[PDB]
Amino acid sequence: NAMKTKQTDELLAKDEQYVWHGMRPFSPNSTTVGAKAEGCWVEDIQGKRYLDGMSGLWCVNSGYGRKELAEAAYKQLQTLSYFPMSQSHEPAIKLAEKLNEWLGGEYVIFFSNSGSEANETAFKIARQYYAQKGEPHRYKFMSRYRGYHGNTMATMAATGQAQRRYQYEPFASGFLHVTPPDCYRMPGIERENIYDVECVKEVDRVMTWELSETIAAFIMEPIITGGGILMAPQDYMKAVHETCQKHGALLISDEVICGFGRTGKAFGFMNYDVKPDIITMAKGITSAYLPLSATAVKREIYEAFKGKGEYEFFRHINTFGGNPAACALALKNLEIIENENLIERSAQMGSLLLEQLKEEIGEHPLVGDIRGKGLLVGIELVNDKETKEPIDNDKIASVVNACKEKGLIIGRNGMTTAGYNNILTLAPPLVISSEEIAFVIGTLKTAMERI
């Protein structure tokens, strides 16, 4: 209830006239213009407040209104605004060292701005690495259907969500896909000996059938998040890594969403006992206060780029990547996550959120499955629990809308896989409290009563 009422009309009119909004139907009258935020709550220009159950876009991990983060950026901006990453600056050096600690070592870090750029960089490094190790023929990249890895032509090629690809094709050749592990739609795969699991055998078979010698890397999120919070058997990622190694290919762990405490570990891959050859990161690295991403590469791979030959080094320049202010802010963000025990709070609040959700709506006739790890949770809505038929779009959409009216931002896997945008997503900021979790669940439960 602001003392002076903000002038919305001009701002709203200007947005509609000049701003192109990603991922949505033209509905200017539905635009939410964010004004301010604190903790887990955001507020629009009209003054309405919402619990942000999505951390913006899976990314505001340390929460909103962090004065410490603002100061870190401010101090750096006053010292040195820019230095090219062909050369170096102290914030980038300190962050690279810090990321190496977080990763468990030993990696060399190339800085980029976005998760899409980080994945593109991983592809180029993989190809040049093999060209310089006497295996020029290895160019192929393999991923899972229903996955996402970016918004560029090559990361869309690697993406398995056709609703993100359609009408932007044709793409380059050399991108292959396999069935995604999903313990809900493939019941009992979790029980099986991992190497008897069909979608695990598929990885090995396709690599054999494509010829090992042509495969550069397998890319995967530890959990398929955007796609629907699809989860694999415990030994899946390790089996995939052993398969890559068998065929001489690299494993790239896409940690763009799972990174920085999201799943209850520093990174998603750490749930699954693997050391990936390349790790890509963005989003939570700065809690999205400033743009920054990174591609961490095993050091043996970096060694291949040290020669005196004309084309032996990485011939790639990213103007803004590794921005000084973003790096300084990221260092402070990592210190916050560590000092406030946000990784373990994610694990614990995540369990509570999962346990409570099942208790509150699990019996609902259109709730097919509730699953998650850390503060990363999917509620799969179905027309029928027996057949697992995805719920009608109209029904899930009305639940997301109802929650917003009531002050809760909840996500949905819209525009990922046709006929399967049936999944509600929660990824709240890691600082979320037990009481705010009660608000989330209470709000959702009430919204569920409309279907």
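Numbering starts at 1 and follows the sequence shown.
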Decide which of the stretches 101-109 and 310-318 has the higher mean C-alpha B-factor, going by the entry.
101-109
Should the higher mean CA B-factor in the entry be assigned to 294-302 or to 342-350?
342-350
By the CA temperature factor listed in this entry, which of these ranks top: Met220, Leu375, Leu366, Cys327?
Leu366
For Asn29, the third of its chain by CA B-factor is the highest
When the deposited Cα B-factors of this chain's modelled residues are ordered and cut into thirds, is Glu355 in the lowest, the middle or the highest one?
highest
Lowest, middle or highest third: where is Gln78 by Cα B-factor in its chain?
middle
Cα B factor band for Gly407 (lowest, middle or highest third within the chain)
highest
Which third, lowest, middle or highest, does the CA B-factor of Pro181 fall in along this chain?
highest
